[PDB]
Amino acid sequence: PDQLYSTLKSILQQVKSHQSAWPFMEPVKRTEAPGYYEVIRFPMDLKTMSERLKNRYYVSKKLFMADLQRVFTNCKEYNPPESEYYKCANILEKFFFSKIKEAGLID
């Protein structure tokens, strides 16, 4: 209940503090990304996730992991594989899986 909240908040904070998190900190701007919102149907970012967390949306580990996973998969679908964004996604995704395992969210 509140142990879930505290674990998620800690995980989410560590992810947001990571050096490769900078591309994901806020919603993608239509302005900077031609045809993003036609192709990416469930956009996600770490600011929206902070809100969802604060709003007590993450009642299960699955809902949290789906959202954060979506951040990475959206990025990898949209961007070229050797783009800096794609590289950041995979670095931070590694970090993400490391932290969820460390906390026994993958039980």
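Rigid core (definition): largest C-alpha set, two forms, superposition within 1.5 Å. The first residue of the shown sequence is 1; numbering continues from there.
Peer 1: Is the larger C-alpha RMS shift in 7 other deposited structures of this protein, relative to this form with the rigid core superposed, found in 95-103 or in 6-14?
Peer 2: Stretch with the higher C-alpha RMS distance in 7 other deposited structures of this protein: 95-103.
Peer 1: Give, as the answer, the stretch of 24-32 and 54-62 that departs more from the shown form in 7 other deposited structures of this protein; the measure is RMS Cα distance after a core fit.
Peer 2: Between 24-32 and 54-62, greater C-alpha deviation in 7 other deposited structures of this protein belongs to 24-32.
Peer 1: Highest mean C-alpha temperature factor of the two stretches 61-69 and 37-45, which is it?
Peer 2: Between 61-69 and 37-45, it is 37-45 that shows the higher mean C-alpha B-factor.
Peer 1: Per the PDB record, is the mean Cα temperature factor higher over 28-36 or over 72-80?
Peer 2: Mean C-alpha B-factor is greater for 28-36.
Peer 1: Place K94 in the lowest, middle or highest third of its chain's C-alpha B-factors, as listed in the PDB entry.
Peer 2: Ranked within chain, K94 CA B lands in the lowest tercile.
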